[PDB]
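Let's start with one chain on its own, the form deposited in one PDB entry, as structure tokens.
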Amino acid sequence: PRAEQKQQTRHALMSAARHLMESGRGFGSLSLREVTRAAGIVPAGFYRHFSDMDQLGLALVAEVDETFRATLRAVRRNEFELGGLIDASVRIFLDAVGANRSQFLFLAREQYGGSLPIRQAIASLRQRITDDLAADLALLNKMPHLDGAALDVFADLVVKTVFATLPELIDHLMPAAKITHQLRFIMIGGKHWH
């Protein structure tokens, strides 16, 4: 219809919330009045879209989720080529973060700091990425010395590092080279296990 305009106001409330966080503030400290004010609606209009600041947080987890998975697919595709595996995928990864900074900022900030419900949603997102990585290593036989249980712990290490790196990726020892160096240490670890 022109309920294409409704969604446009939906995006506005979402984008305003993310961008309001860009100065150092947490999502939990944001008022509904200040988000509607930044998005361009009267306070009460917020409810034609969300009942809760919490419900907006959840839509913010779901939004990063689409973006983050479109990125993992591009890395997955790239893993089938012989050699250079790490450097290429870091690049694809950093490109995508660069292209989508405020979403990843939301993730980096709220991953442990928000209201429990939003922390639950982030936990689910992170278990799926970890599972998907455990499946992919299992599939390609990249760590032959690791059984199912050891892969789940390894995969969890890899996802823990990437997630712990996000904040320094947002705003020699340059991000790219460091993270790549750091992931190398972990891969080597995985190969020489026994």
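Each form is matched to the other, and the largest set of C-alpha atoms that superpose within 1.5 Å is called the rigid core. Start at 1 and count along the sequence shown; that's the residue number.
What comes next is about the form deposited in another entry, which is not displayed.
- The rigid-core alignment places the CA of residue 178 2 Å or more apart between the shown form and the other one.
- Fitting the two forms on the rigid core leaves the C-alpha of residue 52 displaced by under 2 angstroms between the shown form and the other one.
- Taking the rigid core as fixed, one finds a CA shift for residue 145 of 2 Å or more between the shown form and the other one.
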